[PDB]
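Visitor: Quick one: the structure is below, and I'll ask about it shortly.
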Amino acid sequence: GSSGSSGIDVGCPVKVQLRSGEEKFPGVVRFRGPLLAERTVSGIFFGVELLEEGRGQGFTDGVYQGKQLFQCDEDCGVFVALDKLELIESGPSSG
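Using my numbering, read the sequence shown as starting at 110 and increasing by one per residue.
Now the structure itself:
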């Protein structure tokens, strides 16, 4: 189903792009909520935990500017806009 709606929320696997079109690491959403306020860009941040594929590429690590939004492993937690996240199908096996 890809009509043009989608919808990522807490507890969902999605690919996160750290660099500018380099590689999107898969991860499950742990939290969701903005951060800045008319300082750079109006976009909601989505906390996603990097999977074994892109494990070891987290900056927030569950904490942002001292505020512990969510809990995750070392270099796993990461916040990004929905547009940055990539909805992945939960049906690897289908016949």
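Quick reminder that beta carbons are idealized off the backbone N, C-alpha and C, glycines included.
#1: How about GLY163 and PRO135: are their beta carbons less than 8 Å apart?
#2: Is the separation between the beta-carbon of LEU160 and that of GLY167 shorter than 8 Å?
#3: To the nearest angstrom, report how far apart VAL138 and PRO122 are at their CA atoms.
#4: Using DSSP bridges, identify the partner residues of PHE134.
#5: Starting from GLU158, follow the beta strand (DSSP E) in both directions and report where the run begins and ends.
#6: Which value, in whole angstroms, describes the spacing of the CA atoms of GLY152 and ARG128?
Guide: If we stick to the structure as given:
#1: yes
#2: no
#3: 6 Å
#4: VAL125
#5: DSSP places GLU158 inside the beta strand (DSSP E), whose first and last residues are 155 to 159.
#6: 17 Å
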